[PDB]
Amino acid sequence: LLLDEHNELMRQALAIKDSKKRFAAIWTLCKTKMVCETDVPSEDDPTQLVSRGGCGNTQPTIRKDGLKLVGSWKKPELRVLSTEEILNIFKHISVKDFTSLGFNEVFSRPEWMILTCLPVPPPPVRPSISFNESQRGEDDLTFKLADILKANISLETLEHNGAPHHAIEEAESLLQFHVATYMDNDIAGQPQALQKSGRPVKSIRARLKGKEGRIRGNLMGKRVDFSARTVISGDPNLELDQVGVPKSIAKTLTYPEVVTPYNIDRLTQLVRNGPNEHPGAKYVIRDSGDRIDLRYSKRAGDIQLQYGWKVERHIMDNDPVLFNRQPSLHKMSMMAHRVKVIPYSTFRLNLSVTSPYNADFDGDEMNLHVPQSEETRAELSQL
Amino acid sequence: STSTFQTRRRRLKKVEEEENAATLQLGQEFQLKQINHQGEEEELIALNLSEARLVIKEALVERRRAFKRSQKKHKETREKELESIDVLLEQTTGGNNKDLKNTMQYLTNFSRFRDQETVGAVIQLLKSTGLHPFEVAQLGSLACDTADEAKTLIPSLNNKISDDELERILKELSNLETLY
Amino acid sequence: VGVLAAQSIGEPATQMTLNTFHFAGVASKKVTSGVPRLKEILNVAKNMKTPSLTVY
Amino acid sequence: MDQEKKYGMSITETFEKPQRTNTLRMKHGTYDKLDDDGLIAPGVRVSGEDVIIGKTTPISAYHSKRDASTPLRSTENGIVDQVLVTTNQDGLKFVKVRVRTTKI
Amino acid sequence: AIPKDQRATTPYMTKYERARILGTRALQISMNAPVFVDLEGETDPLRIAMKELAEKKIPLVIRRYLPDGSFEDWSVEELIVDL
Amino acid sequence: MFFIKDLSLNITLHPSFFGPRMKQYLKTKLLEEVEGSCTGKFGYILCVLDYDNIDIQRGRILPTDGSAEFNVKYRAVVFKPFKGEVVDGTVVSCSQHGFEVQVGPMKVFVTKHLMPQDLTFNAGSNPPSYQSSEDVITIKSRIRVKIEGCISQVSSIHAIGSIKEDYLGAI
Amino acid sequence: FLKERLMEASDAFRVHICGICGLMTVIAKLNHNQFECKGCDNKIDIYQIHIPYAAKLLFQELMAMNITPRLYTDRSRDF
Amino acid sequence: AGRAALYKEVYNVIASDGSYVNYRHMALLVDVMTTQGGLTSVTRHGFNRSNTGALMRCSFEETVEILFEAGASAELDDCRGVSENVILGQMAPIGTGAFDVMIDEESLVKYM
Amino acid sequence: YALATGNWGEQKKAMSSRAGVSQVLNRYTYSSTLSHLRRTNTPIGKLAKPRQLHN
DNA sequence: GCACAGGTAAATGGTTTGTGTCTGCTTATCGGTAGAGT
RNA sequence: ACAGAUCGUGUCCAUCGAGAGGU
DNA sequence: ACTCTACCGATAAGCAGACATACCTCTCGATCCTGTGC
Ligand SMILES: [Mg+2]
Ligand SMILES: [Zn+2]
Ligand SMILES: [Zn+2]
């Protein structure tokens, strides 16, 4: 390191428990130094000096230019710092040095920031787009990986067969640019990567950058099953906690009920009804999956329900469901109501619940969610 | 199924200090000063060939007696030994229990001590030295004639025991195994 | 309680009407109030539009 | 709308009623209302996923032809009133159909 | 780390605890677990769970986790239900 | 060589079995589970001693279903073939590859390349064995064999044996 | 309810994670009932977790970014 | 004094629309904003620059920067927040998840 | 291409060209068609002054 | 007879009404003492 | 020795931009 | 005593970075070729 524990300022800086703050302090204290010392006076008796043990060579002023680092060597030489020498220097860093700098000797070494073996994502990460008519449209990641492979092969052949240093430099620059665009297509001060279509290529950073990303668009927010949405309307004859569910929605949405001695007859009657009338069932689940369809098999009636099975019955009356309006600002925008089947294709609610919902009947749209387990049903009813 | 939590950077130790060795270097699970369920800092228990057979036999008869009392409350030499543990195993453990037969047969065939007093005094005799209980179990189980056999049998006893004391307790064990 | 507090603070923000002007008393100082004032308070702006001081 | 678009030279789609014998991965909608030419005559009530235009494309085991029919919309139904057949600029077949419904 | 004489938590039973206990009992009853009370002809697992909670016949233990990591165990029958 | 360790086991019990007999249900579950096990870490489990104060802790209920997870504490006799350990057994099988040993419940193999060239496969004798000089070895005879190492940590557990050592064979 | 909506009513995936590496690169063969981790030749500690498919895709993308999101089933504290 | 002034300013902000907000919410907000020794703005340069988990932090602002920072360092995410459990698809330790439910043998044999 | 996609320019560099110049005619109602045929748009992209009704 | 494979195009010069509000990096600029005399 | 026409279940047409909308 | 010039701190002022409520509905286009081959 440029500075060690001998310096009082360095000793004071090497006391912050936080890694980021300690690294920032070390960088601020060491960026001023531009030459190895090798002879640091001791804290006590400043007249006598102590051999630090360094090299004594001067340090350059590293400057970032595009994807390359340049160094103004002045005692001015302007030599571009190669990646190989930087990696070699990083490999020579002692464990304590980057431990104090913030890096961990087990999980993230400083020398591991240099790419020497790039893994490729599996086909699930970059699937094949079927697209209308039989054409094998491929993801941009596959094209970028193929480009990187081609650049690597070209560089290897150019190095093996013998070529001037300019060809090696341009090949390695092209490979570095392609790798960087594969990992980040929004590099500042650099031209974007364009394919044959002329549009900017899609990078994984661009894949997860905003509210359409993997985290803000597929992790904390996602599409769900067993949900419905239709125009709401008023009904003074309904109760305060009651929602008018259309017959079609009730026949579509289903709730899985485990067959029990207390409801065996009811479940058998619902199964015999079939997925045509509202008080019916759509699916019968036996042991170890093996779903049974009640609308294609038609084998209903001659099927005996054994204990432990599951029956996907239609949404019946007094079923607790979640009723939501967007935007959901406060917790009152989410409420649990009781299902009441109505003979019209609209949502009916009491007039007194419109104020917490902040909704009217001029064309509003509201969503309905049903639970799929006893845990969720009970907690929705009681909370 | 484990009894020790992660420690000393077990996630990415990246040392790979082999798997086992004759000169100590025991496995991590079988390490000195084990952790008891309620206590702590308890050393590893090592059982000789004779001690283990007595332990399993006593556990089996205890389980059989417990089962018999529950049912009631609800309502030679080597040849003779084989019948005894056969009739003990045929009803106590139950199930397939195929593996248990071979272990018990090997214990009975290779048993060194058959007297309760002798095996009990074995620990009292061996407690004089501070040797690791594994090697004392090895010398108690394996036969010997003098110091050369004990030294050649295992490589974990290099200059760890004085020859005079070694030959002394080797002859002690020799007579304690020849008296029965 | 944190989510409840956040919702209870943000709901009146959406429910408020225009808050760009009309915040003047005896002297038309155009004191900032409402949504812009709340935004500059949350962002902790070092240069507010209408700094003020009261002396007793 | 549908078109008899051509791939290469010999890979040209055709308008005909598909059959189970030589069509693979075909839709499960009803094909009874279709005619020999592959179009529904005007005045026939349609509903659900019923196929209105029957088009098949050559694959290149048999099953040399694969269907490309466009079914009616799931939430739409009615009676077909006008069916228009013509040719595009290059010389292929152009087919347009219309569905009429009353919304009380 | 399970003190008994130094239990500083409230003896009352929270709404979240009540909802969780009722849901767990209802789910167990639905999946054919033994019932320790008579049903009076009832056939809905949730109401059976409420009936069991009424007379404190639910064999469950609440483990309240302190922020540091310690915890204390409260029985359902010993928790006062007032809400 | 025999050790006793305070092992731990995790089991899941269906709530349909949540009766007064849960303790004995878990007891028999453990009893048939750890008996005859061939775990690659602990080794061979032979007997489960100390059938008292098992101390079955409270069973945490998984949020997904009504099942409860139990962490039972128990001690049992273990058996692991430590590498480099001298053991004594009996010969069971003897092919042209070598003669096997019956140390405990294992099938330790003394491959032909381990013991010296003195031992020869003489098929003339009625029991196929390796009759040679320096004492007589046959099927079901006393033999002391060392362990070179542990292989096949998964599924069955066994090792490889050798006789090329002073004061190791014959006996 | 939040967990049910995020998992049961949406993507739900089961993966095997090595107990040493902490990554999901575990070779699982359910037919022969055996598992292996070629990274650290581990065969006697394999755990299965239930995570959404989006989380698995994000972790795989992060691994493609030379970033290791190691997942562990135990709490690391004290020693 | 700064916290009190901030609370007074917020109360004056919510004063003209006629809406009334309980003191607890605004007090909690100003205490969070002044937990450290200075003002903590509600932005990417304020409460973001904290010691909380990277997964829960990176779900609001730009993500790949903090992910790269986490990769460069070796910080441990305790996964005790809500965002981490939502990402991992597990029951967050909030509300009904703040406790654990266990079954006892003594009470089980007590009833029957 | 310009009259179909609505991007006023050549096939390439369409990202830097204006969009929405050409739109499909709205024929839901005669009044709607008349309104669509007499529509003007100022490309601006936060600012309240340009949106205000000037004197 | 028709297909087959690399990114050889523009050099340029060039663009656009009216986006603020912090954030960090990199200079330029301003005082203030220390190696000592006649 | 033995040594098959398809059958039977079959999965969808996607992505990127642009415009018009309505609470 | 302050000249001949060095690092300390304390600002000004230009250079870029991040991002803008939520819900869904519908239609409409585009996803390559020209110099080069015998
Ligand atoms: Mg409205
Ligand atoms: Zn140096
Ligand atoms: Zn591993």
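In what follows, chains carry the letters A, B, and so on, assigned in the order in which the sequence lines appear, proteins first and then strands, with residues in each chain numbered from 1. No hydrogens, no waters, no symmetry mates; every other heavy atom, side chains included, goes into these values.
- For the segment residues 6-32 of chain I, no residue has any heavy atom less than 4.0 angstrom from an atom of DNA chain J.
- For residues 37-50 of chain C, the pairs satisfying salt bridge (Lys or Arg N to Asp or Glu O under 4.0 Å) are C:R37-C:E40, C:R37-H:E9, with sequence neighbours left out.
- When only modelled atom types and interatomic distance are considered, A:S128 and A:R136 share a side-chain donor-acceptor pair under 3.5 Å.
- Toward the 5′ end of RNA chain K lies the nearest nucleotide of A:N132, the other residue of the pair A:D360 and A:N132 mapping further downstream.
- Pairs engaging residues 7-18 of chain I under the salt bridge (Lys or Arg N to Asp or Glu O under 4.0 Å) rule: I:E10-I:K12 [sequence neighbours left out].
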Could you give the side-chain donor-acceptor pairs of residues 20-31 of chain I under 3.5 Å, partners two or more places apart or in another chain?
from: I:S22; atom 1: OG; to: I:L3; atom 2: O; distance (Å): 2.7
from: I:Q23; atom 1: OE1; to: I:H36; atom 2: NE2; distance (Å): 3.1
from: I:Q23; atom 1: NE2; to: I:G20; atom 2: O; distance (Å): 3.3

Where protein sits on nucleotides 9-22 of chain L, one letter per nucleotide: B base, S sugar-phosphate only, - none, heavy atoms under 4.0 Å: --------SBS-BB

Contact state string [nucleotides 25-31 of chain J, B base, S sugar-phosphate only, - no protein heavy atom under 4.0 Å]: S-S----

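- A positive value of the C1'-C2'-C3'-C4' dihedral assigns L:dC23 to the north, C3'-endo side.
- For the pair A:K202 and A:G363, nearest-nucleotide mapping onto RNA chain K gives the more 5' position to A:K202.
- Between the side chains of C:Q7 and C:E11, no donor-acceptor pair is found at a separation under 3.5 Å.
- For L:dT34, classification of the furanose by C1'-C2'-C3'-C4' yields a south pucker, on the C2'-endo side.
- Of the N and O atoms on the side chains of A:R216 and H:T63, not one donor lies less than 3.5 Å from an acceptor on the other residue.
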